Amino acid sequence: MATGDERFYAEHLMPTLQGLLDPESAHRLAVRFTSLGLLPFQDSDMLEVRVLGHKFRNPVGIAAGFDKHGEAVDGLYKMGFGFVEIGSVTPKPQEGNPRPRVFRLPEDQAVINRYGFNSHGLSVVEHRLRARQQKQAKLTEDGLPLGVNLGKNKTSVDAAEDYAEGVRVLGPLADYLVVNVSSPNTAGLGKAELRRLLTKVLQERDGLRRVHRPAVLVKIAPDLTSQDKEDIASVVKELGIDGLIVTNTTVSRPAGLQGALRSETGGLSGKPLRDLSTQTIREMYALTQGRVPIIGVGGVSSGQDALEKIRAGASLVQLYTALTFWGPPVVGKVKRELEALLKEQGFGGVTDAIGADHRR
Ligand SMILES: Cc1cc2nc3c(=O)[nH]c(=O)nc-3n(C[C@H](O)[C@H](O)[C@H](O)COP(=O)(O)O)c2cc1C
Ligand SMILES: Cc1c(-c2ccc(-c3ccccc3)cc2)nc2ccc(F)cc2c1C(=O)O
Ligand SMILES: CCCCCCCCCC[N+](C)(C)[O-]
Ligand SMILES: O=C(O)c1cc(=O)[nH]c(=O)[nH]1
């Protein structure tokens, strides 16, 4: 419990917790324990990455959706993540979907969720981040940046204005902001319309004072058509979007899922998403000519999984579902395995491996 023993968590503690608790209850408990620092690897120079205007001490981040309301940021750095992304946060508070809304697929090492952007709202999260704003400035300077993922309310009549409000309220507190094209669990969340939305978002970001001006990334689904991907790549290049987060959960249900709950509505995460996500990274890296930083996300639970996404074009990776199965020790596991594989494959560090598959 205190050592951080990978086997004890993976074989005993986490499975026991999952047998006692429904997944939303376990999620809530995890956020509470993490926020108190009740947690069980030394980052080497090989893992440092410079992207998005920032130093990242290691390339392994916690994906959006774990700390939706910015309650456990410091605990997540204590867990060993190189960067933390909170959210999604919506402008007004909203409850999200009725419970149950989170479903485990243990036989698939996967989860399906339909949280529906449950959020404390911008004002609450703003005041929470302001309470530790200088602590975060020091963490960022130390190579531990903070991302904020912005969502839209269910009953909003103007999606672009919801995102613009997010930029104005939490932009000044973030190293990067994220706008999803891609929750599966809201509404209808042409190319001119993404262009319209992102133009407004970037105008709002550009209007912030320079020390308070975050990078802006777009987070995309794994379920896009070839046309959608080409169009996104074009708009990102046209507008100078700073980066992409690839990918959110999938609304597909790959052949072979075994879990009893496989036909629940929602986004699927974890192992069944992994290679769909890696392939989407590969495609977006090629379409953007390797000039647009990608954060690769979807089914990362080992160093091999991380390095496959880096070699496909990711500069940084995130994980979430692996934490739910294997617990806090998975972060150091991924970092240790990634360092070993980098050495084994002749890379001087992470930076040298970014996009390496495209050069072979
Ligand atoms: C329970 C849960 C809630 C999520 N909530 C959000 C969210 O609010 N915003 C977001 O951008 N992604 C959200 N995601 C997606 C994750 O950030 C991530 O893109 C996806 O789960 C794939 O990574 P993984 O396979 O490592 O979990 C959520 C995922 C899960 C499992
Ligand atoms: C177990 C779990 C956890 C979790 C993570 C970390 C920890 C943990 C343990 C020790 C210290 C800190 C944290 C405990 C529990 N978080 C989730 C998040 C979302 C979700 F959908 C499901 C879960 C689930 C689940 O499958 O029931
Ligand atoms: C979220 C419930 C997890 C239950 C057990 C969590 C382990 C406590 C960590 C122990 N310790 C702080 C001392 O390292
Ligand atoms: O809140 C949610 O349902 C949610 C949002 C998102 O972006 N992705 C996801 O899988 N769930």
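All residue numbers refer to positions in the sequence shown, counting from 1.
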Less than 3.5 Å apart, any donor N or O on the side chain of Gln279 or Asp275 sitting next to an acceptor on the other?
no
What are the two closest non-hydrogen atoms of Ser269 and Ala110, and how far apart are they?
O-CB, 3.1 Å
Check the pair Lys154, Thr186 against side chain to side chain donor-acceptor pair (under 3.5 Å), reporting the backbone distance first and the verdict last.
CA-CA 7 Å; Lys154 186 180 183 180; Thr186 297; over 6 Å; no
Does the pair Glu165/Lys152 count as a salt bridge with the N-to-O cut at 4.0 Å?
no
What distance separates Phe103 CZ from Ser263 OG, expressed to the nearest 0.5 Å?
11.5 Å
Residues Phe66, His27; criterion ring-ring contact (aromatic ring centres under 6.0 Å, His included); working and verdict
CA-CA 8 Å; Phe66 177 74; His27 183 190; 5.5 Å; yes
Heavy-atom count around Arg196 CZ within 6.0 Å, excluding the residue itself: above 12?
no
Would you say that more than 12 heavy atoms from the other residues, nucleotides or ligands in this model lie under 6.0 Å from the CD of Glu141, or not?
no
May I ask you to say whether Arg28 pairs ionically with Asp22, meaning some side-chain N is under 4.0 Å from a carboxylate O?
no
Charged N to carboxylate O below 4.0 Å: is that the case for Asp108 and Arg262?
no
Determine whether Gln203 and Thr199 satisfy the following criterion, side chain to side chain donor-acceptor pair (under 3.5 Å), listing intermediate values before the conclusion.
CA-CA 6 Å; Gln203 181 182 305; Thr199 293; over 6 Å; no
Would a 4.5 Å heavy-atom cut-off, applied to side chains only, mark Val235 and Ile241 as touching?
no
Under 4.0 Å between a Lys/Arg side-chain N and an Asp/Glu carboxylate O for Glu6 and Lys333?
no
Does atom CG of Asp158 have more than 12 heavy-atom neighbours, drawn from other residues, nucleotides or ligands, at distances under 6.0 Å?
yes
Near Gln42 CD, under 6.0 Å, is it more than 12 heavy atoms from other residues, nucleotides or ligands?
no
How far apart are the C-alpha atoms of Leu150 and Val167, what are their side-chain angles, what is the distance that settles it, and do they pass the side chain to side chain contact (heavy atoms under 4.5 Å, CB included) test?
CA-CA 8 Å; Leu150 303 175; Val167 174; 4.0 Å; yes
Please determine which of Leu316, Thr278, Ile354 meets the side-chain contact (heavy atoms from CB on, under 4.5 Å) test together with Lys309.
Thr278
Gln136 vs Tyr77, side chain to side chain donor-acceptor pair (under 3.5 Å): CA-CA, chis, key distance, verdict:
CA-CA 11 Å; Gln136 185 65 53; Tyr77 295 120; 3.2 Å; yes
Crowding at NZ, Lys135 (>12 non-hydrogen neighbours, <6.0 Å)
no
Flag for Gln133-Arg130: side-chain donor and acceptor within less than 3.5 Å
no
Polar contact flag, side-chain donor to acceptor under 3.5 angstrom, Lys237-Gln289:
yes
Judged by atom type as modelled, is there a donor-acceptor pair below 3.5 Å linking the side chain of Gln94 to the main-chain atoms of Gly116?
yes
State, to 0.1 Å, how close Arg213 and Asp206 come at their nearest heavy-atom pair, and which atoms those are.
NE-O, 3.6 Å
Residues, nucleotides or ligands: over 12 heavy atoms within 6.0 Å of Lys343 NZ:
no
Is the shortest heavy-atom distance from the side chain of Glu337 to the side chain of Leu307 under 4.5 Å?
no
Nearest-0.5 Å distance, OG of residue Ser183 to CG of residue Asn113:
7.5 Å
Would a 4.5 Å heavy-atom cut-off, applied to side chains only, mark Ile220 and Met284 as touching?
yes
Nearest-0.5 Å distance that lies between atom CE in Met14 and atom OG1 in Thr324:
6.5 Å
When you check the gap from the basic side-chain N to the acidic O, do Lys335 and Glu339 get nearer than 4.0 Å?
no
Looking at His358, I'd like to know if its NE2 atom is crowded, meaning that more than 12 non-hydrogen atoms belonging to other residues, nucleotides or ligands lie closer than 6.0 Å.
yes
Heavy-atom side-chain contact between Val178 and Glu85 under 4.5 Å
yes
Using every non-hydrogen atom in the two residues, find where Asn180 and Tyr163 come nearest and quote the distance to one decimal.
O-OH, 3.6 Å
Between atom CG of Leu173 and atom NE2 of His127, what is the distance when rounded to the nearest 0.5 Å?
10.0 Å
Give the minimum heavy-atom separation between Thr34 and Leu76, together with the two atoms involved.
CG2-N, 3.7 Å
Residue from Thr247, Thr249, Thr250 passing side chain to side chain donor-acceptor pair (under 3.5 Å) with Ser277:
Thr247
Heavy-atom closest pair (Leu342 atom, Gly349 atom, distance to 0.1 Å) is CD2-O, 3.9 Å
Nearest heavy-atom contact between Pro254 and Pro272 is CG-O, 3.9 Å
Does the pair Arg128 and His120 meet the rule for a side chain to side chain donor-acceptor pair (under 3.5 Å), with working shown?
CA-CA 11 Å; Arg128 199 165 281 146; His120 294 171; 2.9 Å; yes
Do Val111 and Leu268 make a side-chain contact, defined as non-hydrogen atoms from C-beta onward lying under 4.5 Å apart?
no
Only one of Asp352, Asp305, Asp357 passes salt bridge (charged side-chain N to carboxylate O under 4.0 Å, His left out) with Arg311, and that residue is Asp357
Of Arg336, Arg57, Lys55, which meets salt bridge (charged side-chain N to carboxylate O under 4.0 Å, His left out) against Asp43?
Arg57
In Å, rounded to the nearest 0.5 Å, how long is the span from CH2 of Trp326 to OG of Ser302?
11.5 Å
Within a radius of less than 6.0 Å around NZ of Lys92, do more than 12 heavy atoms belonging to other residues, nucleotides or ligands occur?
no
